[PDB]
Amino acid sequence: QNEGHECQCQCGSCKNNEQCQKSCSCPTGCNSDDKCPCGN
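If you read the sequence shown in UniProt numbering, its first letter stands for residue 9, the second for the next number, and so on.
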């Protein structure tokens, strides 16, 4: 499915890969590379 959730993380590292967009494992707060726990 969208095995993560709606990522929407304002991190460039997120905001590029539609993989993480739906398959990201970060909290809503993740809008900073510093605090990007994303497995993509």
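Just so you know, even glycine gets a beta-carbon here, dropped at the ideal spot from N, CA and C.
Measure how close the beta-carbons of residue i and residue j come, nearest whole angstrom, since I'm counting them as under 8 angstroms.
i	j	result
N39	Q18	4 angstroms
Out of the options, state which residue places its alpha-carbon closest to the alpha-carbon of residue i.
i	options	result
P35	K23, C46, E26, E11	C46
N10	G37, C28, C22, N24	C28
Beta-carbon within less than 6 angstroms of residue i's beta-carbon, same chain only, minus the 5 sequence neighbours each way: which residues are those?
i	result
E14	none
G12	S31, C32, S33
With a CB to CB cut of under 8 angstroms and the five nearest residues on each side skipped, what residues in its chain are close to residue i?
i	result
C44	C17, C19, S21, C22, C34, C38
Output needed for residue i: all residues of its chain with C-beta closer than 7 angstroms, excluding positions within five of it in sequence on either side, in chain order.
i	result
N25	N48
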